[PDB]
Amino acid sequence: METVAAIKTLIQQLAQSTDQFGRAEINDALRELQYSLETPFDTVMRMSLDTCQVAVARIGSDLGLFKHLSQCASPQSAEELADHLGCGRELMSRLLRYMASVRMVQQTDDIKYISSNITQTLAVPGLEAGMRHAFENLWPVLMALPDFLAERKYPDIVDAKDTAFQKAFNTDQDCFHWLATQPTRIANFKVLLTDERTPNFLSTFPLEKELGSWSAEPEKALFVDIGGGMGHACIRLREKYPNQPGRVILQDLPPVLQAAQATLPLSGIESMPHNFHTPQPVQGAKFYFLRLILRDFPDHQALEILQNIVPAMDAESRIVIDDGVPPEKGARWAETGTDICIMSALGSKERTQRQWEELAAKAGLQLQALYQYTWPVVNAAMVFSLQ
């Protein structure tokens, strides 16, 4: 139809006219429009069939199809893709036809296949690891959730050792300890840490304003990245503020600190093994940074993590929580869906700004500023001080 072509042309022009945050708003609008115009039959057909995307993406990941296709300079038929990757010709054909229908690849007028924007994404190892994480970990969790809540007469999940994860994987350990005994899952989790989300808090964080007259002399610590993974926040800090004095310390576990040495700058950033369930060793640091850490623990354990940092704070010291702050109403699917997943696997929760201040007050902390850096799904850096 000419009308649907006019809609595509029109919405494309509007998307290119705004920024990434305007585009995120448009995508949520297209999603609500789809859900509001589907017939009752289409609704069930949509929920049933969108499950296939994760499973089919995993199949393509196991075959290296997205990586191989991202390096092809010419359209490929189904037969050669099946032969080069070692797959049955008929099986490959049906997979590609499905992928093309959900834009996982692109199909040409002569029934050949090229890469789409989703194909390039699935070839990036950090993002491909996120999709495999969804298939092999959270899917099973999610699938055990409804029968788990029925047997327990629908309780409020508040314990990391009593949630759907235990029934899903037939163990009594929590998700963190159980992961260490699984080598292939640890390997994938390591690749997953190499993906750097963008933008980061430094795009709106007024460092100099929050710094004040704090002095790095003699050799105080400027930035302590507690559970910092590959140290992306540390790296982006030295890049944006290379002249700012003060130590920049990446704290994590020895396994991931060893992996981070490959991509760390030769100087500027210290690697320091630390378990944040234990007292913080660095004293009087300006910023203690927690990005996507406290959302993986229930309120009683997230408080313990904060209670181990408080004894090491000066009056100039600030605890910075970089995490999602969903609104009290009108929350988007990207911040309510994660809330259900971490509840089922970790017994934790997403927290509104109010739930953050209530958790922080129990540690003796007080909110000083809140600097959002994503829209419409809110990721903010919350600056906390003593008193």
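Residues carry their position along the shown sequence, with the first being 1.
The mean Cα B-factor in the deposited entry runs higher for 66-74 than for the other of 38-46 and 66-74. Here 257-265 and 98-106 are compared by their mean Cα B-factor, and 257-265 comes out higher. When the Cα B-factors of 152, 247, 286, 132 are read from the PDB record, 152 comes out highest.
If you compare the C-alpha temperature factors of 233, 158, 222, 226 in the entry, 158 comes out highest. Placement of the Cα temperature factor of residue 18 within the chain: middle third of the modelled residues, per the deposited record. The entry lists a Cα temperature factor for residue 4 that places it in the highest third of the chain's modelled residues. Split the chain's modelled residues into thirds by C-alpha temperature factor. Residue 273 is in the lowest one. Remark: residue 27 belongs to the lowest third of its chain, ranked by C-alpha B-factor as recorded. Ranked by C-alpha B-factor against the other modelled residues of its chain, residue 197 falls in the middle third.
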